Structures are given as C-alpha cells and as structure tokens.
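In the form deposited without Tofogliflozin (RT2), a lone chain appears below as structure tokens.
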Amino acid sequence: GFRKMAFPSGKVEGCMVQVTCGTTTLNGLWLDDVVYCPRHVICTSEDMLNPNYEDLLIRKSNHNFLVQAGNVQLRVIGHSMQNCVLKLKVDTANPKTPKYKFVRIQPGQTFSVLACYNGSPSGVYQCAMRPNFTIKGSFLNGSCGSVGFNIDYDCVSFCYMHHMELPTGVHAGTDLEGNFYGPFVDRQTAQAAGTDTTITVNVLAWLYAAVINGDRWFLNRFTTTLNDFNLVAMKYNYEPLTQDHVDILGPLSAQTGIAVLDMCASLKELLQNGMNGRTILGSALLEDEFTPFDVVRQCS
C-alpha cells in the first residue's frame, strides 16, 4: 500500500511550550535556552488590523511574557524580535533539546506539522509547501506557533512556524528566522496568494509509486519531449518540468523501467482525458504532496 506518512513527532513534542502575553496565548518552540513564537502574541484584537510591532514591543518587558512548560514556568531573562518571530531568552535550557537545525525549504518540499493548542500536542500530519508559498493544513484558533519539521536520522529540521490563515482557507507562516514564506505579512488584511500550481515532479513520483504498488492502468505507450510536455503542463496550471526534475526522478525510473518522458506522456493523457472514474492508489485525483524522496523512503 501507499499512505501519507508523517515523521515520528516524539522529538518535537518535548519542545512545545505555552507562551502568554496579555490575553493572547499561542505555542512556542523551546530549544536550548531560547523560546521561539510568532510575534503577534503581543497584539490585541484591536492592533491586529494594522499593528506597529515595534511600538507594540517597546511597551513590553521580560516579565510580561509568560512561558509554560507543562506545569513548570520558565523565567524570561531577555527578549528580541527577529523579522516576524519573537525570541524569548529563558534561564533554563530545554533538557530535551534534540539535535536540530533551522532550514528554509523550497516550494514542493514536504514536511510534518505538529498541530498544537496551548502548548500541548494535538496531532501530526504531512504537508507540502505549495508553489505559491502557502500550505493546505488544518489549523484552529490558538494553533499559531505550531511547527513544521523534517527528521533526518537523529537531527530535526525545523522549517515552518504557523502564523495566519488566508481568505481562501490555506495557511501562511515563516521559517524559524521569522522570514515569511511568500509575500505575506502578519496583519488582518485580505492578502492574496498567486494562482496555486501543481508540483509536477511530485505527481510523477506518485505515478511511479503507483507503478511499484501494482496500479498500472494509466500507463499508456506514447512518449513525449520535455518542451512538448511543458506546453501541456502550462495549460493545466502545472509547474514546468526541468532537466533537474528529470534527474531527480532517475532512481524511480530505473527501478520501474519506465523512462521519465514515458511517464510524462502518460500524465499528459491523464490531464486531457481525466480519470474516467478510475482511481490511482485509491485516489480519484492526482496527488502532488509526495516528493521523490518521500516515495523512495516509503517504498524502501
């Protein structure tokens, strides 16, 4: 079978804390003696329309920030604002700090999200950074500060912090340095993301996973060229395929014996003729939230 898998969230659960400022409570990430949380924790419902985060932060001191690590309070001995993230220096280093790094991911890359509320883990799911720098997640009120991460061996790769929801229902956020993904800003205004396109290289990797798992009806026999396929990809709002993407799908194409351009022609036929009621790996649509890495990781 083939399923959407999230990373084990054990190493991240021990880093989630509750951060309270005034009458706003959200989640923070406790790594070493630093707590990271969205800076709009210092905002009231009034200021959220057009906040001057400077002027707002100047009127706050260390003792205005309440940090909850379960039942134990952490003492805040320093605060600073880096882009759209607030960094609270605490006197106690997190005894369960895992080996970690901060990374800024690229569009199309996937990661696991640990949805939290009041510093408590609630669930985990697998997400993908859309080409328009949004994510299609599941977030309620108070979910801000929840983190997205990847796990390589022992190391945790923090890549996302949830900040806001857009009018279309999708979600926007920053890296762990406070830099937003995309052209979004942290204020209550109608912000528009671009037209969301489909991650073509991810769809191809998913079609390869279908081949490995016995689902092989969609495999036509035509072939195509990179330029000819991309001409059709533009018409269906698909991301253009590059020779880099072709080489990335190399191992999958070598395992299944199906050339990348052969799979491109089969996708072409699926885009112009549709599913006709037939599912692929149990889905009646084309899934683009599996990277080529995710496919080989799950299939091996």
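In this text, residue numbers run from 1 along the sequence as written.
Although not depicted, the form deposited with Tofogliflozin (RT2) bound is the subject of the following passage.
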**Request:** Could you tell me which one of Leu252, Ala69, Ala265, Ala233 places a heavy atom within 4.5 Å of Tofogliflozin (RT2) in the deposited bound form?
**Result:** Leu252
**Heavy atom of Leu226 within 4.5 Å of Tofogliflozin (RT2) in the deposited bound form** = no
**Prompt:** Is there any non-hydrogen atom of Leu219 lying within 4.5 Å of Tofogliflozin (RT2) in the deposited bound form?
**Reply:** no
**Complete:** Those residues of 268 to 300 with a non-hydrogen atom no more than 4.5 Å from Tofogliflozin (RT2) in the deposited bound form are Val296, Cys299, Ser300
